[PDB]
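Consider the single chain below, provided in structure tokens and representing the form deposited in one PDB entry.
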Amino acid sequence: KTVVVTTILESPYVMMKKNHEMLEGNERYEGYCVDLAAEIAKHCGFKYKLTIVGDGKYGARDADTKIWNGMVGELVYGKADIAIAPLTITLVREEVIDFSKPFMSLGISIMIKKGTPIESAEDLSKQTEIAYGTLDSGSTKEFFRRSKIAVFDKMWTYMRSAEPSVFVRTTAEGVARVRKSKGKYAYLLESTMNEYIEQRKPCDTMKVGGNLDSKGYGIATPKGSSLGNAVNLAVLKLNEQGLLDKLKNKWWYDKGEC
């Protein structure tokens, strides 16, 4: 049968082609995860359908209703067979879905508007003039929520009670907030997305300091799915054959504008 692939509109992972309206099915999209999905399916020998996650979310469990939203929810509730997206491997998610070995490394990082007097998470935590936040329903927000590290707990105490909200609905909203806030907003996001934006016009943002953590994106499947084993072996093969390195260069650096 045709494998239902859940994914998310996040640059440069998955984007609508400029002429998408004249195209059909998988042909409407382009990006790192579109190329990776095609390679995994070809190596595993399956037909697939890319579907954009209905709620536009990565995946979090609602504290009250206990329902998973986002791509994680699409896998948990049987709406999709596999997630091929910049989906972070986390302990809470691994308890409900399976992940392949990581296909890409990343860490939480700081995005500033160029010229902002901030060099680290410690600098953000020790001041009040520059506001800062994260994506409202992903792994970055959960990292701060759960952190027992002094600087990060201090950052979370501030973010959770900041008014108006420092949290954003999408990466693009966070980026637009940095760009329009004249250096008064810094955005906390994954190093991969931060490095991509730093290489795009208007070239007015920058990644500053080291990463706050070290983790990876994994291809996700429903718990105990038969696809899990084959997909993990495909990620290992593609890494060893240099495909993953070739795709990162194609989507980040080969088409850099700065």
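Only residues modelled in both forms are compared. The first residue of the sequence shown is number 1, and the count goes up from there. What we label the rigid core is the largest C-alpha set whose atoms superpose within 1.5 Å from one form to the other.
Here the subject shifts to the form deposited in another entry, a form of this protein not shown in this document.
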Inset, instruction - Select from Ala80, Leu106, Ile97, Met159 the only position whose Cα moves 2 Å or more between this form and the one not shown when the core is aligned. - result: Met159
Inset, instruction - Could you tell me whether the Cα atom of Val34 shifts by at least 2 Å between this form and the one not shown after core superposition? - result: no
Inset, instruction - Could you check whether the CA atom of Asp204 moves 2 Å or more between this form and the one not shown, using the rigid core for the fit? - result: yes
Inset, instruction - Determine, after fitting the two forms on their core, whether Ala186 shows a C-alpha shift of 2 Å or more between this form and the one not shown. - result: yes
Legend entry - Where the chain shifts between this form and the one not shown once the rigid core is fitted, runs of at least 3 with Cα moving 2 Å or more: 110 to 114, 117 to 189, 202 to 210
